[PDB]
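One-letter residues, chain by chain:
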Amino acid sequence: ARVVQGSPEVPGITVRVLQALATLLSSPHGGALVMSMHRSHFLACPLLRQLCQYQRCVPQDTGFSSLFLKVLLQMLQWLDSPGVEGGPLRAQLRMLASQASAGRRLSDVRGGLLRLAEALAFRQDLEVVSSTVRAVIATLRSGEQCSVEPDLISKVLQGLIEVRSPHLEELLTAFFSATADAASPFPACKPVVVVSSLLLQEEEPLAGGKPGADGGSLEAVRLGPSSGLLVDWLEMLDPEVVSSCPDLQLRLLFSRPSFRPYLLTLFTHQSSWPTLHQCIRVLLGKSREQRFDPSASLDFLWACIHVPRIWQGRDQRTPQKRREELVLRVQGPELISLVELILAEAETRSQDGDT
Amino acid sequence: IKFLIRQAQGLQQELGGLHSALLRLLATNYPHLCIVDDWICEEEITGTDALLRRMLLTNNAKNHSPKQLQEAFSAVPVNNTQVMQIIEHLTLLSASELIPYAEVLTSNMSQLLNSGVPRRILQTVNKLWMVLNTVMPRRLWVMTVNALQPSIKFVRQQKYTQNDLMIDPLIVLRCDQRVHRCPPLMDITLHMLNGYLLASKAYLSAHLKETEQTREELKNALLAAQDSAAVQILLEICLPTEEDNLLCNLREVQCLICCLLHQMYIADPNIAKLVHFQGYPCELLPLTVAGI
Amino acid sequence: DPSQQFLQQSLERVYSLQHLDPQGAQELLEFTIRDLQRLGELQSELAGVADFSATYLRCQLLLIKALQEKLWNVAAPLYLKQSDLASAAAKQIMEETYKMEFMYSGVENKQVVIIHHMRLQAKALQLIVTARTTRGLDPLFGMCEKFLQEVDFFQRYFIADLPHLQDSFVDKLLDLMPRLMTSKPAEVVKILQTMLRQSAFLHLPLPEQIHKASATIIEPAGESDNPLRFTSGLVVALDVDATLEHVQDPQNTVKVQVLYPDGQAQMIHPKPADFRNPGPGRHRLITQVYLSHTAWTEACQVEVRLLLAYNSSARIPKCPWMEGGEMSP
Amino acid sequence: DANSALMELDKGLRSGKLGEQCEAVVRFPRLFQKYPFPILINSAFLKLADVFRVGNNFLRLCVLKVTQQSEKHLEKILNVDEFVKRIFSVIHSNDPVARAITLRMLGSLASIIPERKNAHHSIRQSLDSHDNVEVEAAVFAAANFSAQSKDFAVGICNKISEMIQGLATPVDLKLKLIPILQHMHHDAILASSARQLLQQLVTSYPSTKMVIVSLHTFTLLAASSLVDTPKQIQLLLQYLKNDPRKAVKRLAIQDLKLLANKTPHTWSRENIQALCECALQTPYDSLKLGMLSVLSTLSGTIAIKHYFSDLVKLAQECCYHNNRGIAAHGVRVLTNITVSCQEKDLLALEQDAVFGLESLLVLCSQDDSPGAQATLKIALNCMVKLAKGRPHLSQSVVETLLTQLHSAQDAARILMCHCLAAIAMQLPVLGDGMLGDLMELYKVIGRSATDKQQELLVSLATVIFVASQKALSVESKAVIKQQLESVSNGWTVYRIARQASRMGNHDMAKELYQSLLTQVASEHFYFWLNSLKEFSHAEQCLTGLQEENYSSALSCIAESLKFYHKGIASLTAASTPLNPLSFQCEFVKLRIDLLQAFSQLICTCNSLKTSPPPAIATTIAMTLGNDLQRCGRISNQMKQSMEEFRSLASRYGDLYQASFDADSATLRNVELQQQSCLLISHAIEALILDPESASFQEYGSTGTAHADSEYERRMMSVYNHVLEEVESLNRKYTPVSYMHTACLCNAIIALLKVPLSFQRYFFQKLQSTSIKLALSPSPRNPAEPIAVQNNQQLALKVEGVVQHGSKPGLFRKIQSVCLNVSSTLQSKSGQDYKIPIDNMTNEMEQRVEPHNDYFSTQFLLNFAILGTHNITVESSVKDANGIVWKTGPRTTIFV
C-alpha cells in the first residue's frame, strides 16, 4: 500500500480523526522490523511518501500540522527520527528526512506567527541534533569561533563550538596556540553552555602548554562562576605548582584572590621539600619589588612549620615550655627581610585600630 | 581468604554460625590478617564516603582498562599529566574493582621513584595500596616485595613467593634503598614488615606443632631476636646520611618509624627492653624519646 | 528577622491558598503544622506564637479531616463502628481550644472571639455526629435546644467585632437562625451540616504570647531506685515539686496530680503560701506532697505531675511526665 | 532458654581463647535478636563492657561492630553509668588505635549519653591529636555527638571553623570535617554561623569535591532547619545557571529532587520559572532529564496548584523527545497538571496528553529492557491516575490500550492487562466494551509461549474475569479449552481460580477447584482445595434464585447451608498449629450464621400466615390495642431475629478489629457485610414492629462516587433501594406486617443477588505482626498458684515486644498498646460464674506509647479472697488514626 500511503498520510494530517492509530501502528511495526533487521523495506517508502506530500503541499500543510493537529505531527516526526537513528544503513532516508525537516522549518518560520515553536520545536531540535557534523579543517575553527563571539551571536557560537568539539574528537591535527586564550576568554565572558566541554577538548589533545594558558586566563579574565573550573585545570594537568614557570606561579599565588587559600593548601600539601625550600628562600629574600603578599606569606610559613606529616604519631602537646628544640633554621638576610616585611605590612591599619 | 572473610561479614542476617566460625578460625590461624590498623579505615566517618563515587563516576571510569594505565606508565612521554588524573579518577572505587589494577600498580612502584616525581602521585599510590590492603593482602604484599628490588642488573633472589619471605621478614628491609627517602613507600614497607613479622610468628608457632613426629624457648628467643633486629634496622634507617632536619622526607620517615616502634612496644613490652639492652647510637636518642 | 518573615509568609500562605481540593488542603495543613512545630522546637523567643499558630492549624486540620469522613458517603442510620473519626476528634478539638485559651497568657480579644467561634463550631460538629447516630427523636430536641442556647449566649456575650468577620459560620448562623426555629431538629441539623461544609476559614492575629511550661528540677526527679524505708499504714514520705515559668499567677491555677499504679488518683490542691515570685516572668513551686498506700511487695513505679485549673473543671498537661522515687512501703 | 545461652557465652568468654572470644562476640547479636528482653540485653552489654575494658585490641573492634549493628537494642539498658565508665576507662591509654576504637564506640553510643561532659572533653582533646586514624575517629564521634547535644554543637562549632580555615590541614581532612556542619540546626545563631562559614568556604575553596561536599552540608542544614529553604533553592538555581561544571549541576539536580521529595510546599512561582528557563537552555540530555524528574516530583504536590506559562511549554516540548525517559517525565508532568489543575484552555492539553501516551507506547512495546519497562510502568500508572481522576477520557485511553495489545511480543501485555484491570475497577462499561477484544486476545494467545506464558495467562484470565460479569457464555468453555491441553501448571490455574473467586465468578472457580482436587502433593492443601470447591459450589447454588420466588428459595438456602457446612468442616480439618487459619474459619462461620438467620427470617415470614392472628387473640384482643398493636406469637420470633442480627453485627465488628492485618478491600467487605446485617436488623425492628419506636428518616446522602469495586457499588445501590422502600411504608399500613413482609423478603432476596467476594486477605496472609507480651511475675514453672499472703499486694510487671515478620510500614503502624488486666475467681463460689461481681473492678486501662519496639507498664490488684484467682492481660494495639484493634494473645496467669 505504498501508492496510497501518501494519500493516507495527507488525510490523517488534514482531517481524519481515525487514521492516527493506524499510522502509529504502522510506524511501530516498521520500527520493530527495522530493529529486527529482517529485510525491513518499509521505512524508505514511508519517507518517500512523506517527502512527496511535503513537496506537494508545504504552506497549508505545515500550518495545519502546527496549528490544528500538533500531537499527531509531533508523534510522526519522533517516529521518523527514531527510524532514521536506528536504521543507520548507509543513511538512506537520512538526507530526505533532513531536507523535509529543513523545508518544514523554513515554512513555519514565516507562516506560523501565533504558534511560535508550538509543534516545530521537535523538528528544530532534530535539525540541530542532525547538523552536528565534523569539521574538515580543525585549524581555522578558532578564528571562526572568535569572529562569532565578537559578532555577538548565540546560534553561530554554538555551531562553532560544536564543530570545534567534533574536530577535537576526530583525528587531532596541529592546533594553534595563539587564539586559544582569546577563545577561552570569550567563552568564559559570554554565557556558553558548552564551556567545560570546549575547555576539555582544547586542553585534552593540544600540542601546546595548556597550564600557562589557564594561568593567564585566571590571572587576566574576570571569570566569576567558571573560575573554579579553571582551578580544576590547575590540579588536573599540573601536579606540581612550580613545574613549568616559577615566576607566573609565584605571581599568581603571592601578588600585590578568591581561590588563594585553596591553591596555598595545594602548594603546601602537594609540593616536594626542595621546591618548598626554594619557594621559601626566594619569597623571604631581600627584595623591595613587593612580589609577595606577606598576609599569605605568614600563614604559609606557619603551615609549612606545622605540616601534619612532620608530626605523625608522637604524643599530643608535650613540649618543653622553657625552650623549643624543634625549630626551622633560617639565615641572616632571610630573617632580616622577614621582619622587614612583617613590620611593613603591619602599618596599613585600615579598620583594625591599635589593639 | 580475606575477600571471603569480608563478603561473609557483609552478610550478617543469614549465615549465622558460618561467619562466626570462619572469624574464630582466622583469628587463630592467621593473626597477621587480623591487624586492626589494616582494615579499620573502611568505617564510616561523616557520610562523605561514596558521595564522590556516585557523583564523579558517570562521565568517566568506563574506558580505563588496566592495559591503558600500563602503557601510560612506561613510555617516552614520561610526563605526569595523564597518568596522574587516570590514577586519581579511579580512587573512588569500592576496593573490589581494583583487583585488575593491582597488577598494574605493582611492578611499577620501583620505577615510580626514579627522578623528579610529584607528591600527589605518591600519595595516591599509597592510598590505593591502603584500600587494596583490605582485600587480598597476602598477594599484594608478595607483589610489593617482588616489585621493590635493588635492580642491580643481577638476579640474586626472585619472586619471594611464600616460603623464603614469610620465614624471615627482614627481606622487606633489604629493598632498593631508595625508598628510605620516600614517606609513602616507607609506610607501605613498614606495614608489610609488621604483617610479615606476625606471619613469621604464626608460621613458627605452627611449625613447632608439625615436628618431632626444649623447642618453645628456642622459638621465643628467635622471635625476640628477630624483632630486635627489625627494630635495629628501622633505627639505623633513621640516620640522616652516609657522610634542615625538620622539613624533609627524612623527618617524615623517622616519624613513621617511630610510630611503628611505638605500636611494636605497645604490642610487646619486652622487645623494647631487649633493644635497650642491645643499644643503639646516641644520635637516635633524642628522636625515639620525643617520638615514641 | 528571618523567623518573623518566614512565619508571616507561612501564615499568609495558609490563609490565601484555600480554594483547592480537600486532599491538597489537608497535605498543605500537615506540612505547615510540621514546619511550625520545627520552628517552635528551633526558635526560642518566637516559640509561643509559633506553638499557638501550630495548635490552631492542627485544630483546623482535624476539623477538615472530620468533615471529609466516609460516614456521610455511606448510609447514615447504620453507624456500625469505627466509621466516623470525629466522635473521638470533637473531644480533642475541645481540649485543644481549652489549652489554646487558658495555657497562653498574651491573648487578645480577637483571639478570644476566634477561639470561641472555633469552640462553637466544634460543638456543632459534635451535635452533628451525635444526631447522625441518635435513634430516639426525643433526645434530639434536648441537645438542639442546648446548642441554640449556647449560640444565644455566645451572641449575647459578644456584641462587637461581629460585622468585622465576613462570610463566617457564626454570622451565617446568626442571620439564618430566625428561620431555623420553626422546623424539626432533623432538618435543623441538616441545614447546619450543609452550611458548615464551606463556611469560611477565619484568620487569627498573631501576638507576643508565650507558653506555660514547667521544669524537671532534681527535687524528687528521675534517679536511681533509692527504695526508701516506710510502712503500709501511715504516709510513705514527702517530696518536693519543681519550679514554674510563665504561668500568669500560678496561685489557685496550678494543681498537682498524683497517679498511683492503682486505679485511684489523687490531686492535691495547691498551697498559696509557698508560691514565690522573686523572678517575675519565672516562678517556683515548693510544696510538700503526701503519699500513702498499702504495701506493694515491690518498687514498681509512681507518678506525680502538675496540672491546671479552670472555671468549672478542666486540666492541662504542661510539664513532661516525671516519675518519682520508688518508696516501697 | 536464654539463661543457658548467656551462661555458655560467659563460659566461652572466661578463658582467653581469642578465637572463641571473637566467636562469642560476633554471636552476641544473634542472641540480641532472639531475646529482646531488657535484663538479658543489659547483662550482655555489661559483659561486653567487661571484655572491652581488657583485651588484645582486636576484641574491641568486634565489640564496636556489634554495637554499631545492634543499635535499636541500645536504649533498653538499665545500668548505663557503669557501662559508660567501663567503656571510657580505656581512652586514657597511650595506644592511638585503642583511643580511636574507644572514640568510635562512644560515637556509637551518642543516643544514650548526650550529656556526659567527659566524652565531650575527650572528643575535644583528641580532635587535634597528632595521628591519622584517631583524628578520623574523633571526627566521627564529634559528628555523632553534634547530631544531638546542642551544647556539644555550640562547643565544637568554633573548633571546626578554626580547623577548617586554618589552611594547615590536607584537602581530605577538610572534606571530612565539612559534613560535621550538617548538625547545626539547634539554634538560629548556629544556623547563621554555619551558613556564613559554608558561604565563605564556597567562595574561598573553589574545587569539585570541595564545592560538592559543602553544598551537600549546606542543603542538609537547610532541610533539617526549614528557616531558609527559599534561599537554598535560589542558590541552587544560581549555581545551575552559572556554574559550567557537570558534576555540580548533577549535584544541584539531586538536591532539588531531595528538596521536592521532602519539602515541596516551600517552592514559589519564580523558582519553577527559573528552573524551566534553565532546562530550556540545557544542550545535554541527562541534565534535562534530571531537571524534568525534579519538575515531575514537584508537580505531584501542591506546588503545581500554587504555580497557577513556561512549565506547560516545556512539558509539551519534551513530551515528543527522542529519548524515552524524558518523554515519560514529560507525559507524567502533563498528566499531573491535567489531574490537579482545572484551567479553561488546559482541556485542550488533555488531547496532547492522550496522544502523548502513544509516544510512550510505540517506543517501549517490544524493546525488552529495564530502561524501557520503567518508562512503560510510568506511563501506565499515569494513565491509571488520569482515568481514575477524570472519567471523561476513560474510553480514549482504553481504546489505545486495546489497539496496542496487538503490538507486543508477549512482553508488555502483562503490564497492559494490569493497567486494564486497575482501570476497570471503577467503571464497568469499559469491561463491557473490551470483553470481546480480551476474549479474542485470549483465543489468539494460546498458540505458542515459553518465556512467561504463566504470568501472561494469569493476567489475561484476571482481566477477563474483571471485564466479565457472568462468565456463563461460551467464553468459559473457551478458557477451559485453552487451559486444558496447554501446560497444566498448578500455580497458574490456582491463581486464575483465586482471581475468579475474588471477582465473583464461581462457575470457573468450581471447575478449576475440581480439576485441582485430583492433583495435590500433600494433605492440608487437599482439604484447602476441597473447602474452596465447596464454598464455590455453595456460592454458585446461591445465585440460583428467581425474583418473587419463595418455594425453591428454601431448598436453595438449605443446599447452600449444607455445602457451607461441608466446606467449613473440611477447612477446620486442615487447621494446624503451624500457620493456623483463624480468619477463614471465623469468616465462614459468621457467613453461615448470617445465612441461617436469613433462613429463620424467611421461615418466620412464611409461617406468619399459619394462623398467627387468632393464636394469641384468645388471651387479649390484638385489634385496636394501644399497648401492643397486632399482638401475636410472631413478636417473639421477630425479637429473636432482631437479637440474632444484633449479635451478628457485634461479631462482625469484633472480626473487623481482630484481624489487624487485612487490606483495605477486606476491611471494606467486612464493613459492607456488617452494614447489610444492621440494615436488615433496622428493617425488622422499625418496619415489622411498631414504627413509633424510632421513626427516624434517613434524609442524608449516600453511595458517593468513591467505591473502588463493582461489588461495593452494587451493595450501596441495594442499600439505597432498601432505604427508599422502607422510608415510605413506615406509616402506611397496620403493623400486622401485611405488605411490610413483602418488601422485607424482596430486600432479603436482593441482598442474596451478589453471591460473595472473597477479598485478598482470605489468601496469602502477609504483614504478620504479633505482640509477645511476656510478663515477669514471680517464678511459676508449674501450674500451681503463687503463694501470696492475700493481704499485702500482688505485682505483675508486664512487658511486651512487637514482632513483624513482614515489612512493618506496609498498611498500618503500631503507635499505642492499650494494655488491659482483669481478675476473677476460678473456683465456683455460689454460682457457675466467679461471684456476684466476679471481682472485675480492677481494670486499670493504661495507654503506653512505645517509641521503640518495646514497652513495659506496672499493674497491681487488691483482693481479700482466700481462694484461687485468674489474671488475664490483653494487648489492644492502637494505630495512628485510632481503633481498638482487639488482638487475641490471651495470656492468662493464675496468680
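For this entry, the PDB record names cryo-EM as the structure determination method and reports a resolution of 3.5 Å.

A. The overall build of chain B, seen in detail. On a plain count of helices and strands, chain B comes out with 15 helices and zero strands. Here the C-alpha atoms of chain B give a radius of gyration of 21 Å, agreeing with the 19 Å that 2.2 N^0.38 yields for 292 residues. Counting only C-alpha atoms, chain B reaches 65 × 60 × 45 Å along its principal axes.

B. Looking closely at the packing of aromatic side chains. Seen in terms of ring centroids, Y157 of chain C and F158 of chain C are 5.1 Å apart; in terms of plane orientation they differ by 75 degrees. Their pairing is edge-to-face. Members of the aromatic cluster, connected to one another through ring pairs, are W528, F535, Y564, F583, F587, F758, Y761, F762 and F763 of chain D. Stacked on the ring of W321 of chain C, the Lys or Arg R305 of chain C has its end atom at 4.7 Å from the ring centre. Directly above the ring of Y307 of chain D sits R269 of chain D, whose terminal nitrogen or CZ lies 5.6 Å from the centroid.

C. Layout of the interface of chain A and chain B. Each side of the interface is counted separately: chain A has 21 residues, and chain B has 20 residues. Within the residue set of the side of chain A that touches chain B, elements represented by two or more residues are α14 (227-236), α16 (260-270) and α17 (273-283) of chain A. Considering only residue class, the side of chain A that touches chain B consists of ten nonpolar, six polar and five charged.

D. Spotlight on the sheet that holds strand β1 (residues 213-214) of chain C. Strand order in the open sheet formed by four strands is β1-β3-β7-β6 (chain C), with antiparallel pairing between adjacent strands. Because the sheet does not close on itself, it has two edges, and the strands there are β1 and β6 (275-279) of chain C.

E. Representation of the sheet that holds strand β4 (residues 254-259) of chain C within the structure. Residues and elements named next belong to chain C. Reading across the sheet, the four strands line up as β5-β4-β9-β10 and stay open at both edges, with antiparallel pairing between neighbours. The open sheet has two edge strands, β5 (265-268) and β10 (322-323), and neither has a second partner. As judged from the two bridges shared by strand β9 (residues 303-308) and β10, these two strands associate in the antiparallel manner. Bridge pairing in β10 places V304 opposite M322.

F. Broad picture of the interface of chain C and chain D. The interface of chain C with chain D comprises 41 residues on the first partner and 53 residues on the second. Counting residues per element, the ones that place at least two in the side of chain C that touches chain D are α1 (2-16) and α2 (22-42) of chain C. When residues of the side of chain C that touches chain D are assigned to their parent elements, the largest contribution, eight residues, is made by α2 of chain C.

G. Up close: the environment of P66 of chain B. All names here are of chain B. When you line up the elements, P66 lands in helix α4 (residues 66-73). Taking the C-alpha atoms as reference, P66 lies 8.5 Å from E103; in sequence the two are 37 residues apart. Contact partners of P66, with chain neighbours within four places excluded, come to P100, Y101 and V104.

H. Highlighting the pattern of salt bridges. Here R390 of chain D ties to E350 of chain D by a salt bridge, and the two come within 3.3 Å at their closest N and O atoms. Placement of the pair is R390 of chain D in the loop between α21 (370-389) and α22 (395-404) and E350 of chain D in helix α20 (residues 346-359), with a sequence separation of 40 residues. In this structure, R668 of chain D engages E712 of chain D in a salt bridge whose closest nitrogen and oxygen atoms are separated by 4.0 Å. Within this pair, whereas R668 of chain D is found in helix α34 (residues 664-686), its partner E712 of chain D is found in helix α35 (residues 710-726), the two being separated by 44 residues in sequence. Because the salt bridges share partners, they merge into one network encompassing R309 of chain A together with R119 and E252 of chain B.

Quick notes on the rules
Residues numbered from 1 in each chain as written, not as in the entry; some residues may be left out. Chains lettered and ligands numbered in written order. Part of a larger assembly, values for the part shown. Heavy atoms only, no water. Residues with missing side-chain atoms left out of burial classes, pairs and counts. Helix = DSSP H or I, 4+ residues; strand = E, 2+ residues; numbered from the N terminus. Rg over C-alpha atoms; globule rule 2.2 N^0.38 Å. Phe/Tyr/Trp six-rings, centres within 6.5 Å; stacked < 30°, edge-to-face > 60°. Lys NZ or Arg CZ within 6 Å of the ring centre and 35° of its normal. Contact = heavy atoms within 4.5 Å. Nonpolar A, V, L, I, M, F, W, Y, C, P; charged D, E, K, R; others polar. Pairing = 2+ DSSP bridges. Salt bridge = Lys/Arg side-chain N within 4 Å of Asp/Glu carboxyl O.

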